[PDB]
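# task: produce atomic coordinates for the following.
(chains A, B, C, D, E, F, G and H)
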Amino acid sequence: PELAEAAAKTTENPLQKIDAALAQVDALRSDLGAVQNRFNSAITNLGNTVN
Amino acid sequence: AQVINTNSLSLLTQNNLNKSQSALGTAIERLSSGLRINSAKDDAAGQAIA
Amino acid sequence: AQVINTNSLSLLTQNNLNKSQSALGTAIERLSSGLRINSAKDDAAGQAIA
Amino acid sequence: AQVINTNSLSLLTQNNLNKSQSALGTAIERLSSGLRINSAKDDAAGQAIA
Amino acid sequence: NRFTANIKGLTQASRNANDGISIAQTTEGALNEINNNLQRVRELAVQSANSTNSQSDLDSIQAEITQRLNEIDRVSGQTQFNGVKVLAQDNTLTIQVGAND
Amino acid sequence: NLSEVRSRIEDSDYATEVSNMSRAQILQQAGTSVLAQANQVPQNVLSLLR
Amino acid sequence: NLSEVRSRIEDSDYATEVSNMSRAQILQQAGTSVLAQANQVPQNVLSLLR
Amino acid sequence: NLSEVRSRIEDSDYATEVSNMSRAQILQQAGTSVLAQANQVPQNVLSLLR
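Numbering: from 1, shown residues only, chains lettered A, B, ... in the order given. Sharing the structure here:
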């Protein structure tokens, strides 16, 4: 039960809205990409521990 | 210390070859595309700043 | 991590060559015709406005 | 304990040679084909997941 | 025996961790596509702002913006690594990266 | 990315498999050079005493 | 100026990346030429003594 | 547009086919270098024991 609701009225600020979306998205991407560094360092840890 | 059921000399030497393979992979990756940062190349400063 | 049944290094490097091929195709497309917008060059503003 | 009708020393030593033969067989099997999992290489996770 | 168990667990743990990286990369591709769509939307909004653009212009710019937003709804609604919708819902994926619990 | 994950599961890097094949080959040659000795261990005693 | 700053952050000059790829290639060839030796180190002793 | 669609269906980009040919060539050389070993595995044991 969720569909985008027709806009009640023209957006007061078309920028502010898209800067917030880019910040949420950019921030999410940055957060996601640190986990790849964590997994890479964990893999190089487990290699020497297995050896 | 002359064992053959597990050769402790060959395991480390291989790991070094794997590390060199990953370094070659990143260098080919950035040489073909033309760009240093893709995802995990730089986590926050590069991608967010970019 | 030295596999030959599927070379994971060559697949990405190719995709980058394909992307460069598409960029060259659009540049040749706009250089020969003389016009930036054909169809999907600009979706709504360019074509509708044009 | 010096018996010759059945040499109890030779039976175990052979079994170890048979085990080494099976290990060589799997290594040649995966080296020629290029793939680790064929059937019983990994039962469920590898094959089903693959 | 303890060492064998640890070695098995570490390798397998190592084998699962690569998968985590793969999932991150898959999410990043979708995210990158979403970002690309967003960049265009921002530029369109800037173009739309001028007094000069007619309302027949703003209809086409809104048609583009709704198609881009339908597309970033689709590419996040139905994308999956091994039957797992990565962006549809919020949850924690836990990686067993070690033989330890 | 799916080919990368599938590849890890099915494709096996050789660098360990050539070493495993070599270890099994040395174990086979050592096991056969031991087997003959095991075979002749009993005969020396029986014939020598008899 | 924004393209200049963005370019430094994303674009990577090759002149170092071709050298890094070359160093990783020499390290790969040296590591593989060493790996074989490591593999045959144990067999000479076992077979020779046995 | 019909030549574009027909071309995708019939024409095959090489960039993957040279890589597939190279992988099959390495698999052939590795399979033949393994086959000889497989051939000589039995003779050492039989002759050595006999």
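# around chain E, pick out the residues from chain F.
Within reach of chain E by Cβ under 8 Å from any Cβ of the partner chain, chain F has these residues: F:1, F:2, F:4, F:5, F:8. Just so you know, the C-beta spots here come from the backbone N, C-alpha and C atoms, and that holds for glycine as well.
# mind doing that once more with 7 Å?
Taking Cβ under 7 Å from any Cβ of the partner chain as the test, the list of chain F residues beside chain E reads F:1, F:4, F:5, F:8.
# whether stretch A:16-27 contacts chain G - can you check?
No. On the criterion Cβ under 7 Å from any Cβ, stretch A:16-27 is out of touch with chain G, staying 13.9 Å away.
# just the C-alphas of that stretch, formatted as CSV.
Extracted C-alpha coordinates of stretch A:16-27, given in CSV (Å, rounded to 0.1, in the frame of the first residue of the first chain):
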residue,chain,number,x,y,z
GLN,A,16,17.5,21.5,-1.6
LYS,A,17,15.5,18.3,-2.3
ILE,A,18,18.1,16.9,-4.7
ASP,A,19,21.1,17.9,-2.6
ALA,A,20,19.5,15.9,0.2
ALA,A,21,19.0,12.9,-2.0
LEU,A,22,22.6,13.1,-3.3
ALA,A,23,23.8,13.4,0.3
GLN,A,24,21.8,10.3,1.3
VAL,A,25,23.0,8.4,-1.8
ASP,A,26,26.6,9.6,-1.7
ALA,A,27,26.8,9.0,2.0
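# buried residues in that stretch?
Buried positions in stretch A:16-27, judged by neighbour count with 16 or more other Cβ atoms under 10 Å in any protein chain shown: A:18, A:21, A:22, A:25, A:26.
# from memory the last one sits against residue B:50, does it?
No. With contact defined as Cβ atoms under 7 Å, residue A:26 does not count as touching residue B:50 (9.5 Å).
# helix/strand/coil for the residue in chain E that chain B sits nearest to?
Taking Cβ to the nearest Cβ, chain B has its nearest neighbour within chain E at residue E:28, 4.8 Å off. At residue E:28, secondary structure determined by DSSP: H, G, I helix; E, B strand; the rest coil is helix.
# ditto for residue E:93
Look at residue E:93: counting by three-state DSSP, its state is coil.
# measure it to chain G for me?
Per Cβ to the nearest Cβ, to the nearest Å, residue E:93 is found 29 Å from chain G.
# ok, now residue B:36?
Noted for residue B:36: a distance of 3 Å to chain G, by Cβ to the nearest Cβ.
# could you give the number of residues near the nearest residue to that residue once chain neighbours are set aside?
Excluding its sequence neighbours, the residue lying closest to residue B:36 (Cβ to Cβ, 6 or more residues apart in numbering or on different chains) is residue G:12, at 3.4 Å. Per other Cβ atoms under 10 Å in any protein chain shown, the neighbour tally for residue G:12 reads 19.
# check residue B:34 too.
13.
# give me the most central residue, chain B.
Residue closest to the mean C-alpha point of chain B, counted by Cα atoms, centre = their mean, is residue B:22 at 2.5 Å.
# write out the residues of chain F neighbouring chain B.
Counting by Cβ under 7 Å from any Cβ, chain F sits next to chain B at F:15, F:16, F:19, F:23, F:26, F:27.
# which strand or helix spans the first one?
In this case it means residue F:15. Using DSSP states H and E, residue F:15 maps to helix F:14-49.
# residues contacting the residue lying closest to residue A:22 once chain neighbours are set aside?
For residue A:22, ignoring the flanking residues on the chain, the nearest one in space by Cβ to Cβ, 6+ apart is residue E:38 at 5.9 Å. By Cβ atoms under 7 Å, 6 or more residues apart in numbering or on different chains, the residues touching residue E:38 are A:18, A:21, A:22, A:25.
# same check on residue B:28?
Residue B:28 is in contact with C:9, C:13, G:21, counting by Cβ under 7 Å, 6+ apart.
# which one of those is nearest residue E:24?
Set against residue E:24, the nearest of those by Cβ to Cβ is residue C:9 (19.1 Å).
# okay, the angle between the strand or helix carrying that closest one and helix H:14-49?
Assigned by DSSP H and E, residue C:9 belongs to helix C:8-33. Relative orientation of helix C:8-33 and helix H:14-49, computed by axes from the mean of the first three to the mean of the last three Cα atoms, to 10 degrees: 160 degrees.
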